[PDB]
$ cat coords.txt   # compact mmCIF, N, CA and C atoms (P, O5', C5', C4', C3', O3' and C1' of nucleotides) and all ligand atoms
# COMPACT_ATOMS: atom_id res chain seq x y z
N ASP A 1 20.27 22.64 3.72
CA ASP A 1 20.00 22.15 2.36
C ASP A 1 18.50 22.11 2.10
N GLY A 2 17.74 22.78 2.97
CA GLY A 2 16.32 22.98 2.75
C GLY A 2 15.40 21.94 3.33
N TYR A 3 15.92 20.91 3.99
CA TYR A 3 15.09 19.89 4.62
C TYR A 3 15.30 19.90 6.13
N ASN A 4 14.38 19.25 6.83
CA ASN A 4 14.42 19.12 8.29
C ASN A 4 14.92 17.74 8.69
N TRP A 5 15.86 17.72 9.63
CA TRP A 5 16.55 16.50 10.01
C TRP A 5 16.69 16.41 11.53
N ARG A 6 16.77 15.18 12.02
CA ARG A 6 16.96 14.87 13.42
C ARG A 6 18.15 13.93 13.53
N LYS A 7 19.17 14.33 14.28
CA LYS A 7 20.35 13.49 14.42
C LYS A 7 20.04 12.23 15.21
N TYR A 8 20.55 11.08 14.75
CA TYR A 8 20.35 9.86 15.53
C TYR A 8 21.62 9.06 15.79
N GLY A 9 22.80 9.62 15.55
CA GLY A 9 23.99 8.97 16.03
C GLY A 9 25.24 9.60 15.47
N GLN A 10 26.39 9.28 16.04
CA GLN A 10 27.66 9.71 15.48
C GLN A 10 28.73 8.67 15.76
N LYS A 11 29.41 8.21 14.71
CA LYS A 11 30.47 7.23 14.87
C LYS A 11 31.75 7.75 14.24
N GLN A 12 32.86 7.13 14.61
CA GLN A 12 34.17 7.51 14.10
C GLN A 12 34.64 6.37 13.20
N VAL A 13 34.76 6.63 11.90
CA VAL A 13 35.04 5.55 10.96
C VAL A 13 36.54 5.30 10.82
N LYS A 14 36.88 4.30 10.01
CA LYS A 14 38.25 3.87 9.83
C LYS A 14 38.90 4.64 8.69
N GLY A 15 40.19 4.93 8.85
CA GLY A 15 40.94 5.66 7.84
C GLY A 15 40.66 7.15 7.81
N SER A 16 39.42 7.53 7.46
CA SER A 16 39.02 8.93 7.46
C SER A 16 38.84 9.41 8.90
N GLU A 17 39.58 10.44 9.29
CA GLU A 17 39.48 10.98 10.64
C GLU A 17 38.06 11.39 11.01
N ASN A 18 37.61 12.49 10.41
CA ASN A 18 36.36 13.16 10.72
C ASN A 18 35.27 12.18 11.11
N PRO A 19 34.60 12.41 12.22
CA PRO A 19 33.51 11.53 12.62
C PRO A 19 32.31 11.72 11.71
N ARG A 20 31.40 10.76 11.77
CA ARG A 20 30.27 10.67 10.85
C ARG A 20 28.97 10.72 11.64
N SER A 21 28.05 11.57 11.20
CA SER A 21 26.79 11.84 11.90
C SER A 21 25.62 11.40 11.04
N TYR A 22 24.67 10.71 11.67
CA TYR A 22 23.54 10.12 10.97
C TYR A 22 22.30 10.94 11.28
N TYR A 23 21.53 11.30 10.24
CA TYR A 23 20.32 12.09 10.41
C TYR A 23 19.16 11.44 9.67
N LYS A 24 17.93 11.77 10.10
CA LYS A 24 16.72 11.17 9.56
C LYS A 24 15.74 12.29 9.24
N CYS A 25 15.15 12.27 8.04
CA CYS A 25 14.18 13.29 7.67
C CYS A 25 12.97 13.18 8.58
N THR A 26 12.54 14.33 9.11
CA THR A 26 11.55 14.39 10.17
C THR A 26 10.13 14.49 9.65
N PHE A 27 9.97 14.53 8.34
CA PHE A 27 8.64 14.45 7.78
C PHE A 27 7.96 13.16 8.23
N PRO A 28 6.65 13.19 8.46
CA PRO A 28 5.92 11.95 8.79
C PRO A 28 6.14 10.89 7.74
N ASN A 29 6.54 9.71 8.19
CA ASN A 29 6.67 8.53 7.32
C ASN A 29 7.80 8.65 6.30
N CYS A 30 8.37 9.84 6.11
CA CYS A 30 9.45 9.97 5.14
C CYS A 30 10.64 9.14 5.59
N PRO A 31 11.18 8.28 4.72
CA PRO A 31 12.25 7.34 5.12
C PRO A 31 13.66 7.80 4.79
N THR A 32 13.84 8.94 4.13
CA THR A 32 15.18 9.38 3.79
C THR A 32 16.02 9.55 5.05
N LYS A 33 17.27 9.12 4.97
CA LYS A 33 18.25 9.40 6.00
C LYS A 33 19.55 9.74 5.32
N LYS A 34 20.43 10.43 6.05
CA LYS A 34 21.70 10.81 5.47
C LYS A 34 22.80 10.70 6.50
N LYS A 35 24.02 10.56 6.00
CA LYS A 35 25.23 10.46 6.79
C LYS A 35 26.18 11.54 6.32
N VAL A 36 26.96 12.10 7.25
CA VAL A 36 27.72 13.32 6.96
C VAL A 36 29.08 13.28 7.63
N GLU A 37 30.12 13.56 6.85
CA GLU A 37 31.48 13.74 7.32
C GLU A 37 31.91 15.16 7.00
N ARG A 38 32.30 15.92 8.01
CA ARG A 38 32.77 17.28 7.83
C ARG A 38 34.23 17.37 8.24
N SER A 39 34.98 18.19 7.51
CA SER A 39 36.37 18.41 7.84
C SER A 39 36.51 19.18 9.16
N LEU A 40 37.74 19.22 9.66
CA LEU A 40 38.06 19.98 10.90
C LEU A 40 37.75 21.45 10.63
N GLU A 41 37.68 21.83 9.35
CA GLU A 41 37.38 23.22 8.94
C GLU A 41 35.86 23.39 8.88
N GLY A 42 35.11 22.29 8.98
CA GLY A 42 33.64 22.34 8.95
C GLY A 42 33.16 22.28 7.52
N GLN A 43 33.97 21.71 6.65
CA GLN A 43 33.58 21.62 5.22
C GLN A 43 33.07 20.21 4.96
N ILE A 44 31.97 20.11 4.23
CA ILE A 44 31.41 18.82 3.85
C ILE A 44 32.42 18.04 3.01
N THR A 45 32.95 16.95 3.55
CA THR A 45 33.82 16.10 2.74
C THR A 45 33.09 14.90 2.16
N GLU A 46 31.94 14.53 2.70
CA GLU A 46 31.22 13.36 2.19
C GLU A 46 29.79 13.42 2.72
N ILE A 47 28.81 13.22 1.84
CA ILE A 47 27.40 13.07 2.20
C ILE A 47 26.86 11.86 1.47
N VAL A 48 26.23 10.95 2.20
CA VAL A 48 25.46 9.84 1.64
C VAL A 48 23.98 10.11 1.89
N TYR A 49 23.18 10.16 0.83
CA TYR A 49 21.73 10.21 0.96
C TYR A 49 21.18 8.84 0.64
N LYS A 50 20.26 8.34 1.47
CA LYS A 50 19.76 6.97 1.35
C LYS A 50 18.23 7.05 1.31
N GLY A 51 17.70 7.43 0.16
CA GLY A 51 16.27 7.54 -0.03
C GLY A 51 15.91 8.81 -0.76
N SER A 52 14.61 9.04 -0.85
CA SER A 52 14.11 10.17 -1.60
C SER A 52 12.85 10.67 -0.93
N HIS A 53 12.72 11.99 -0.86
CA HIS A 53 11.64 12.61 -0.11
C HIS A 53 10.37 12.58 -0.95
N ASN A 54 9.40 11.76 -0.56
CA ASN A 54 8.10 11.79 -1.22
C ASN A 54 7.22 12.93 -0.70
N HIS A 55 7.82 14.08 -0.47
CA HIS A 55 7.09 15.23 0.03
C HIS A 55 7.79 16.47 -0.49
N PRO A 56 7.15 17.62 -0.39
CA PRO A 56 7.82 18.88 -0.71
C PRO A 56 8.71 19.33 0.43
N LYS A 57 9.54 20.33 0.15
CA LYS A 57 10.35 20.96 1.19
C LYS A 57 9.46 21.82 2.08
N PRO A 58 10.00 22.33 3.20
CA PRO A 58 9.29 23.33 4.03
C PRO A 58 9.50 24.79 3.62
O5' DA B 1 4.47 17.06 28.62
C5' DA B 1 3.63 18.22 28.73
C4' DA B 1 3.23 18.69 27.35
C3' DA B 1 3.57 17.73 26.23
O3' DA B 1 2.85 18.08 25.06
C1' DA B 1 5.17 19.51 26.40
P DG B 2 2.65 17.02 23.94
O5' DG B 2 3.92 17.23 23.02
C5' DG B 2 3.98 18.39 22.20
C4' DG B 2 5.40 18.63 21.75
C3' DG B 2 6.04 17.48 20.98
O3' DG B 2 6.34 18.00 19.70
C1' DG B 2 7.54 18.47 22.52
P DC B 3 6.58 17.05 18.49
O5' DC B 3 8.16 17.21 18.27
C5' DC B 3 8.66 18.46 17.82
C4' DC B 3 10.08 18.67 18.26
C3' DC B 3 11.07 17.70 17.65
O3' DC B 3 11.71 18.31 16.56
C1' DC B 3 11.56 18.32 19.93
P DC B 4 12.73 17.43 15.69
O5' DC B 4 14.11 17.59 16.45
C5' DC B 4 14.88 18.73 16.21
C4' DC B 4 15.87 18.87 17.31
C3' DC B 4 17.12 18.04 17.14
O3' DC B 4 18.09 18.76 16.45
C1' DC B 4 16.32 18.11 19.41
P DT B 5 19.36 17.98 15.88
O5' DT B 5 20.24 17.73 17.19
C5' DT B 5 21.23 18.65 17.53
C4' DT B 5 21.88 18.25 18.82
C3' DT B 5 23.10 17.35 18.68
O3' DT B 5 24.18 17.95 19.36
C1' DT B 5 21.58 16.48 20.29
P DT B 6 25.65 17.32 19.29
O5' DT B 6 25.65 16.27 20.49
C5' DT B 6 25.97 16.71 21.78
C4' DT B 6 25.83 15.59 22.77
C3' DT B 6 26.91 14.52 22.68
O3' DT B 6 27.66 14.54 23.87
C1' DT B 6 24.74 13.58 22.97
P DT B 7 29.10 13.83 23.96
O5' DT B 7 28.76 12.37 24.47
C5' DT B 7 27.78 12.21 25.45
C4' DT B 7 27.36 10.77 25.56
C3' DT B 7 28.44 9.77 25.18
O3' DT B 7 28.73 8.97 26.32
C1' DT B 7 26.34 9.21 24.19
P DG B 8 30.09 8.11 26.44
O5' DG B 8 29.55 6.66 26.80
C5' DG B 8 28.36 6.51 27.54
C4' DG B 8 27.71 5.17 27.26
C3' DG B 8 28.66 4.03 26.94
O3' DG B 8 28.09 2.85 27.43
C1' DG B 8 27.20 4.28 25.16
P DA B 9 28.91 1.48 27.51
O5' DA B 9 27.79 0.41 27.17
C5' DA B 9 26.47 0.68 27.55
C4' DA B 9 25.53 0.03 26.57
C3' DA B 9 25.99 -1.34 26.08
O3' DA B 9 24.88 -2.24 26.06
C1' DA B 9 25.57 0.06 24.25
P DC B 10 25.10 -3.81 25.75
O5' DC B 10 24.10 -4.10 24.54
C5' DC B 10 22.81 -3.49 24.50
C4' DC B 10 22.21 -3.62 23.12
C3' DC B 10 22.48 -4.97 22.43
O3' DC B 10 21.30 -5.42 21.75
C1' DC B 10 23.27 -3.22 21.07
P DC B 11 21.33 -6.74 20.80
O5' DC B 11 21.42 -6.17 19.30
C5' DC B 11 20.31 -5.43 18.78
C4' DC B 11 20.37 -5.27 17.26
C3' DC B 11 20.53 -6.55 16.46
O3' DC B 11 19.82 -6.44 15.24
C1' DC B 11 22.40 -5.15 16.08
P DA B 12 19.67 -7.74 14.31
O5' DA B 12 20.77 -7.52 13.17
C5' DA B 12 20.53 -6.60 12.07
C4' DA B 12 21.63 -6.72 11.01
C3' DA B 12 21.95 -8.15 10.54
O3' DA B 12 22.58 -8.11 9.27
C1' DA B 12 23.80 -7.32 11.65
P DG B 13 21.75 -8.31 7.91
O5' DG B 13 22.84 -7.94 6.79
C5' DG B 13 23.81 -6.92 7.07
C4' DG B 13 25.20 -7.45 6.84
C3' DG B 13 25.23 -8.88 6.32
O3' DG B 13 26.30 -8.99 5.45
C1' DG B 13 26.53 -8.76 8.25
P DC B 14 26.10 -9.20 3.88
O5' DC B 14 27.62 -9.21 3.42
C5' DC B 14 28.48 -8.24 3.99
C4' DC B 14 29.68 -8.86 4.66
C3' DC B 14 30.20 -10.14 4.02
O3' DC B 14 31.56 -9.94 3.66
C1' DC B 14 30.24 -10.30 6.35
P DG B 15 32.27 -10.88 2.57
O5' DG B 15 33.83 -10.59 2.80
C5' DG B 15 34.24 -9.68 3.83
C4' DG B 15 35.28 -10.32 4.75
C3' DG B 15 36.05 -11.50 4.17
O3' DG B 15 37.40 -11.46 4.63
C1' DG B 15 34.99 -12.18 6.15
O5' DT C 1 28.43 -20.81 15.54
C5' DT C 1 29.32 -21.76 16.12
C4' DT C 1 30.55 -21.08 16.73
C3' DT C 1 30.28 -19.83 17.55
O3' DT C 1 31.28 -19.71 18.55
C1' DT C 1 31.48 -19.24 15.58
P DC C 2 31.36 -18.45 19.55
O5' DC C 2 32.85 -17.92 19.31
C5' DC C 2 33.36 -17.84 17.99
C4' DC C 2 34.34 -16.71 17.84
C3' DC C 2 34.09 -15.49 18.72
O3' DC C 2 35.31 -14.82 18.86
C1' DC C 2 33.71 -14.89 16.48
P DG C 3 35.58 -13.79 20.05
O5' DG C 3 35.83 -12.39 19.28
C5' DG C 3 36.68 -12.39 18.11
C4' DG C 3 36.45 -11.16 17.23
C3' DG C 3 36.07 -9.88 17.95
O3' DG C 3 36.64 -8.81 17.24
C1' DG C 3 34.44 -10.35 16.36
P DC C 4 37.39 -7.64 18.03
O5' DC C 4 37.64 -6.53 16.90
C5' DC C 4 38.31 -6.91 15.69
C4' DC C 4 37.56 -6.40 14.47
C3' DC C 4 37.28 -4.90 14.47
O3' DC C 4 37.81 -4.35 13.27
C1' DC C 4 35.31 -6.13 13.93
P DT C 5 37.92 -2.82 13.06
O5' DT C 5 36.52 -2.45 12.42
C5' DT C 5 36.29 -2.74 11.05
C4' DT C 5 34.88 -2.34 10.67
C3' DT C 5 34.52 -0.90 11.05
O3' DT C 5 33.94 -0.32 9.90
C1' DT C 5 32.85 -2.37 11.72
P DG C 6 34.00 1.21 9.71
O5' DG C 6 32.51 1.54 9.31
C5' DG C 6 31.92 0.88 8.20
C4' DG C 6 30.45 0.68 8.46
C3' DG C 6 29.64 1.97 8.59
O3' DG C 6 28.55 1.81 7.72
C1' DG C 6 29.15 0.49 10.36
P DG C 7 27.54 2.92 7.55
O5' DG C 7 26.38 2.47 8.51
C5' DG C 7 25.34 1.65 8.02
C4' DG C 7 24.38 1.31 9.14
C3' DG C 7 23.42 2.43 9.52
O3' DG C 7 22.08 1.98 9.38
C1' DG C 7 24.36 1.41 11.42
P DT C 8 20.96 2.97 9.68
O5' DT C 8 20.68 2.71 11.21
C5' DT C 8 19.99 1.56 11.56
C4' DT C 8 19.79 1.47 13.05
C3' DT C 8 18.81 2.47 13.65
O3' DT C 8 17.73 1.75 14.11
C1' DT C 8 20.74 2.15 15.01
P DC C 9 16.49 2.49 14.77
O5' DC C 9 16.77 2.37 16.34
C5' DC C 9 16.81 1.08 16.90
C4' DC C 9 17.10 1.10 18.38
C3' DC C 9 16.14 1.88 19.24
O3' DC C 9 15.87 1.09 20.36
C1' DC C 9 18.35 2.59 19.67
P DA C 10 14.44 1.17 21.06
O5' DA C 10 14.72 2.23 22.22
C5' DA C 10 15.70 1.90 23.19
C4' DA C 10 16.14 3.11 23.96
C3' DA C 10 15.03 4.14 24.26
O3' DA C 10 15.25 4.72 25.57
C1' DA C 10 16.79 5.18 23.26
P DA C 11 14.20 4.53 26.79
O5' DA C 11 15.07 4.91 28.07
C5' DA C 11 16.34 4.29 28.24
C4' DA C 11 17.37 5.29 28.72
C3' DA C 11 16.85 6.40 29.63
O3' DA C 11 17.90 6.79 30.48
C1' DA C 11 17.77 7.39 27.76
P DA C 12 17.64 7.25 32.00
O5' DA C 12 18.57 8.53 32.14
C5' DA C 12 19.91 8.46 31.67
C4' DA C 12 20.36 9.83 31.23
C3' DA C 12 19.75 10.97 32.03
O3' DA C 12 20.78 11.86 32.37
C1' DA C 12 19.48 11.37 29.74
P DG C 13 20.55 13.00 33.47
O5' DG C 13 20.60 14.37 32.62
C5' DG C 13 21.80 14.70 31.93
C4' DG C 13 21.52 15.63 30.77
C3' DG C 13 20.85 16.94 31.16
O3' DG C 13 21.82 17.98 31.17
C1' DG C 13 19.96 15.99 29.11
P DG C 14 21.36 19.52 31.26
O5' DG C 14 21.00 19.92 29.75
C5' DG C 14 22.01 19.95 28.77
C4' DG C 14 21.49 20.64 27.54
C3' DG C 14 20.95 22.05 27.78
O3' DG C 14 21.32 22.87 26.71
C1' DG C 14 19.25 20.71 26.84
P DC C 15 21.09 24.46 26.81
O5' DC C 15 19.77 24.67 25.93
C5' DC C 15 19.74 24.16 24.60
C4' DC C 15 18.36 24.36 23.96
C3' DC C 15 17.67 25.69 24.28
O3' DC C 15 17.06 26.21 23.10
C1' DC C 15 16.22 23.94 24.73
ZN ZN D 101 11.82 13.60 3.62
$ encode --input "coords.txt" --output "structure tokens"
Amino acid sequence: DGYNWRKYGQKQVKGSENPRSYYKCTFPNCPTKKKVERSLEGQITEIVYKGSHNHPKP
DNA sequence: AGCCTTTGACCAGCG
DNA sequence: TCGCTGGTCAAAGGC
């Protein structure tokens, strides 16, 4: 999606099967992080973005 | 070296 | 207070 991310965890939530993976924008000081649930088919079923990139893309 | 993913255990916050 | 649940740490390993 055009940004750089570093994974920092994966948990298995309630009700929804697919596990959830947490990532953090790797830009210096950038605080955006996101959480991701993908289907068994590898399709994005849910993305939460928590912040906004005060920087340009790479 | 430096950066990433995996993994298991710890944090908090709310009911 | 307790303990489940989602969010995070950080070590151990891979690249
Ligand atoms: Zn960013």
$ interface_residues --input "coords.txt" --of "chain C" --to "chain A" --cutoff "8 Å" --atoms "all atoms listed in the file" --output "ChimeraX atom specification"
/C:5-8
$ interface_residues --input "coords.txt" --of "chain A" --to "chain B" --cutoff "6 Å" --atoms "all atoms listed in the file" --output "count of residues only"
3
$ residues_near_ligand --input "coords.txt" --ligand "ligand ZN 101 (chain D)" --cutoff "6 Å" --atoms "all atoms listed in the file" --output "ChimeraX atom specification"
/A:25-27,30-32,52-55
$ atom_distance --input "coords.txt" --atom1 "CA of residue 3 in chain A" --atom2 "CA of residue 40 in chain A"
23.8 Å
$ atom_distance --input "coords.txt" --atom1 "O3' of residue 12 in chain C" --atom2 "atom C of residue 21 in chain A"
21.9 Å
$ select_by_dssp --input "coords.txt" --residues "chain A" --states "strand (DSSP E)" --output "list in words"
residues 5, 6, 7, 8, 9, 10, 11, 20, 21, 22, 23, 24, 25, 33, 34, 35, 36, 37, 38, 44, 45, 46, 47, 48, 49 and 50 of chain A
$ atom_distance --input "coords.txt" --atom1 "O5' of residue 4 in chain C" --atom2 "atom N of residue 18 in chain A"
20.1 Å
